[PDB]
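Asks: I'd like to ask you about the structure that follows.
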Amino acid sequence: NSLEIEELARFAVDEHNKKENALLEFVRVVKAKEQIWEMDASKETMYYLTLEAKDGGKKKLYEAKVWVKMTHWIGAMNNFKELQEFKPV
Amino acid sequence: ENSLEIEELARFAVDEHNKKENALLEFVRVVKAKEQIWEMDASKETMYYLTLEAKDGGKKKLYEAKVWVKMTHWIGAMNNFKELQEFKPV
Amino acid sequence: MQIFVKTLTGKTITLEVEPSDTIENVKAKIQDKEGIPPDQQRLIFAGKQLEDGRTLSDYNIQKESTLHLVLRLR
Amino acid sequence: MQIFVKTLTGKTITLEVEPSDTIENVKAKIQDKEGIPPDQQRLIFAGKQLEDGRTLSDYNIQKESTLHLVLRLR
């Protein structure tokens, strides 16, 4: 779980890096809260991650928002995740 | 050696087979594993050919599973889709 | 009653329906709202694909139920 | 030239196109081929969403290139 969040946090940083050519080092997760919607055949989660990353070797704080939808039916399951927001404090 | 992911795929094949037939096969191990991969832009499509060992009535037997996995990635987004396509005894 | 339809990325639309309605008729409702032809529509509920000739009540699709839609491209 | 369009589940259609063609024109090709309206079409290539005004050559979409399609519901 903490590790699962860590992957999402890294995902947010690596994807952020790709979009801006930004050079962020990932340091740790500071806070993590989630909103989940449960329905038939799916679980939707919005992750509100505050992670710490180094910009110039000096640690700084960033707000990431990752959207994850998992959908499953007989014989099949789908996992989709998306970075929706990445901003400094 | 990338084995745990195969084990998960094998289990997925077993539980989905079970869900579809209400059969309760108990997963023991992966015996053989071969896959076909197609590489394209922003995606990797893989067909898994798994030979697994399962207990039907407490007696272990061999089954052939086929799992289809498509991974699609773009900036800011990632998708993972998998499907059980075949589950048959030898 | 009201039901929801979602894509795998989480895009959501809402339809006003009756339990008497067929799956065939719901796909027509989706086409009218969104423009996606029914031959392109694979509808999912209760871990199953829904048959066109069948109705909503057959699948026990009550109010506030969520269906998911997958593109067929065929 | 020939290119591929795929859904996230792996459903595939083929279009005959030219590098001169716009993304707008491809969505029309898809609409004519599949019946899915262009306002519902989000086309992905080279880790990006494709804008209607740009051409295939702008995005370096050569022969046998594969695009991906996501439903907008909008």
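Determined by X-ray crystallography, 2.8 Å, according to the entry header.
Heads up, the Cβ atoms here are built off N, Cα and C, so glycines get one too.
Pasting the relevant annotations from Swiss-Prot:
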CROSSLNK  D:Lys6  ubiquitin cross-link
CROSSLNK  D:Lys11  ubiquitin cross-link
CROSSLNK  D:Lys27  ubiquitin cross-link
CROSSLNK  D:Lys29  ubiquitin cross-link
CROSSLNK  D:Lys33  ubiquitin cross-link
CROSSLNK  D:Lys48  ubiquitin cross-link
CROSSLNK  D:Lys63  ubiquitin cross-link
MOD_RES   D:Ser65  phosphoserine
MOD_RES   D:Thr66  (Microbial infection) ADP-ribosylthreonine
SITE      D:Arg54  site 'Interacts with activating enzyme'
SITE      D:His68  site 'Essential for function'
SITE      D:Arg72  site 'Interacts with activating enzyme'
Asks: Would you count the other CB atoms within 10 A of the CB of D:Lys48 (ubiquitin cross-link), including those on all shown protein chains?
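Replies: Excluding its own Cβ, D:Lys48 (ubiquitin cross-link) sees 14 Cβ atoms within 10 Å.
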Asks: Under 8 Å Cβ to Cβ from D:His68 (site 'Essential for function'), same chain, six or more residues apart: give me those in sequence order, or none if nothing qualifies.
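Replies: In sequence order, the residues whose Cβ lies under 8 Å from that of D:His68 (site 'Essential for function') (at least 6 apart) are D:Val5, D:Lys6, D:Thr7, D:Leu8, D:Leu43, D:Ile44, D:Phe45.
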Asks: Rounded to an integer, what is the Cα-Cα distance in Å between D:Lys29 (ubiquitin cross-link) and D:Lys63 (ubiquitin cross-link)?
Replies: 16
Asks: Specify the count of other C-beta atoms within 10 Å of the C-beta of the residue listed as '(Microbial infection) ADP-ribosylthreonine'.
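Replies: Cβ-Cβ neighbours of the residue listed as '(Microbial infection) ADP-ribosylthreonine' within 10 Å number 18.
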Asks: Spatially, and counting Cα to Cα, which of the recorded positions is closest to D:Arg54 (site 'Interacts with activating enzyme')? Options: D:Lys11, D:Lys27, D:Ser65, D:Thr66, D:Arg72.
Replies: D:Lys27
Asks: Per residue, counting other C-beta atoms within 10 angstroms of the C-beta, which of the recorded positions D:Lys27, D:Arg54 reaches the highest number?
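Replies: When each Cβ's neighbours within 10 Å are tallied, D:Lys27 leads.
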